[PDB]
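1. sequence unavailable; structure follows:
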């Protein structure tokens, strides 16, 4: 993570984190159907939302424990 | 008569949207997808498809079931 | 009679505030989106929301989908 | 030889063998007005094609249209002309001569004759009832009804098909098809079809509108 935030500042890009621990369904990486009331956007969507630029430094953290 | 009625059954949702929504192109997506009939569609399957096309847009607004059936 | 009269009065009071809330809602939200659409952002997503927004905009009562469209 | 021009229509549908005022509201079409009277007072009207443009070009126009006669001409200083017409028969164009104004060389007319009107007599009443029971029941089209005493005694398919097309309203593509359909029998067939479609369309609306009545 320190290397990621150093690289992003090196090329003046954006440093952000995405939690990949309790990710087990597409509906978390993706979103939920809008036709219902309980819907939430993806973690990648949140990471892209936080940055105000087209290209941030998106890091997929600890793919090993992906379920 | 069946095909003419097909077009006017879609124009029914167009009518119910004339006041509901400013535009109606979105609900016109399946109205243009009605080309299914021309695409192969052996007679019995064509009739079944037309029945499932004309009568499954129950609620244009909201309506998960209607949208669900729309995606179906 | 009470249910009918209450329905007429209560609906108007809420529809009034909900009409204001709708304008202060997606109507203000989409304006902010238009502010960032200076980059020529595709409005196809907006038009899809507008389909939902025209229907819920007309519906000045209930319409929970409006809230989900608002977050959308 | 009754040379004719090529004057298109703008937003109005003009049926043959039917008296209907004609509005020439195009500023750039006034150059055709003086040559219309220079062709033995014969004016040729082309049906409304792909959305009208103000570019005079033979490739952007078509040779199919209705022929109109000029009785009197009354003018206003606004660029719009009111002329009452009485169409005789549809006129086709074989060779187009570029202008301006666009001139057309006419040929032999496409005329028809009635033979063995016995089947035509039954067809007339079968076509008549389809809209007679429609206008009486369905009223959103708002057509007149007090002309039955004079139209029942007339037996002429070429006039009656275009008259029924002029009265009722539907898709402009098939309208102008009727305007330039050589097969008058096909004109009657499609008119009868449309009347049946409208009848079942109104029955569906009433039952579904009355269905909503029962639902409430």
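-> Alright, I've got the coordinates. Numbering: from 1, shown residues only, chains lettered A, B, ... in the order given.
2. flag every residue of chain B that's near chain D.
-> For chain B, the residues in contact with chain D (CB under 8 Å from any CB of the partner chain) are B:1, B:4-5, B:8. The C-beta positions use only the backbone N, C-alpha and C, and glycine is treated the same way.
3. and which of those residues is nearest chain C?
-> Among those, residue B:8 lies closest to chain C (CB to the nearest CB), at 21.8 Å.
4. number of residues surrounding that closest one?
-> Using other CB atoms under 10 Å in any protein chain shown, residue B:8 has 18 other residues around it.
5. so it makes contact with residue D:202?
-> No: with contact defined as CB atoms under 8 Å, residue B:8 does not count as touching residue D:202 (10.8 Å).
6. in helices, which of the residues of chain B next to chain D fall?
-> B:4-5, B:8 (DSSP state H).
7. tell me which element residue B:66 falls in.
-> helix B:64-71 (DSSP states H and E).
8. sorry, wrong one. I was asking about residue D:111.
-> For residue D:111, there is no enclosing helix or strand under DSSP H and E.
9. these two touch, right, it and residue D:89?
-> Yes: Residue D:111 is within contact range of residue D:89, at 6.1 Å (criterion: CB under 8 Å).
10. endpoints of stretch D:131-147, how far apart?
-> Chord length of stretch D:131-147, first to last residue, is 13 Å (CA to CA, to the nearest Å).
11. any buried residues in that stretch, and which?
-> D:131-132, D:134-135, D:138 (16 or more other CB atoms under 10 Å in any protein chain shown).
12. and the residues you listed, which is closest to residue D:105?
-> The nearest member of these to residue D:105, counting by CB to CB, is residue D:131 at 39.1 Å.
13. check the gap between that closest one and residue D:194 for me.
-> 9 Å (CB to CB, to the nearest Å).
14. between these two, which contacts overlap?
-> residue D:168 (CB atoms under 8 Å, 6 or more residues apart in numbering or on different chains).
15. picking that back up, the more surrounded of residue D:111 and residue D:89?
-> residue D:89 (13 against 9).
16. okay, now residue 54: neighbour count?
-> I went with chain A, as the question did not name one. 7.
17. not quite, go with chain D.
-> 8.
18. do residue B:17 as well
-> 21.
19. out of the residues of chain B next to chain D, the closest to residue A:56 would be?
-> Using CB to CB, those come closest to residue A:56 at residue B:8, 51.3 Å.
20. distance of the residue nearest to residue D:158 when sequence neighbours are not counted relative to chain B?
-> Distance criterion CB to CB, 6 or more residues apart in numbering or on different chains; nearest residue to residue D:158, sequence neighbours excluded, is residue D:184 at 5.7 Å. Note on residue D:184: its distance to chain B, by CB to the nearest CB, to the nearest Å, is 22 Å.
21. ok, residue D:162 next?
-> From residue D:162 to chain B the distance is 22 Å (CB to the nearest CB).
22. doesn't residue D:17 make contact with that residue?
-> Yes: in this structure, residue D:162 is within contact of residue D:17 by CB under 8 Å, at 5.0 Å.
23. okay, those two: which has more neighbours?
-> residue D:162 (23 against 18).
24. contacts only, for that one.
-> Residue D:162 neighbours (CB under 8 Å, 6+ apart): D:15-18, D:178-179, D:187.
25. dump the residue contacts of residue 60.
-> If you meant another chain, say so; for now it's chain A. Applying CB under 8 Å, 6+ apart, the residues contacting residue A:60 are A:18, A:20.
26. let me rephrase: I mean chain D.
-> Counted by CB under 8 Å, 6+ apart, residue D:60 has contacts residue D:53.
27. returning to that earlier point: correct me, but the residue nearest to residue D:158 touches residue D:113?
-> No: shown here, residue D:184 and residue D:113 do not form a contact pair, counting by CB under 8 Å, at 11.0 Å.
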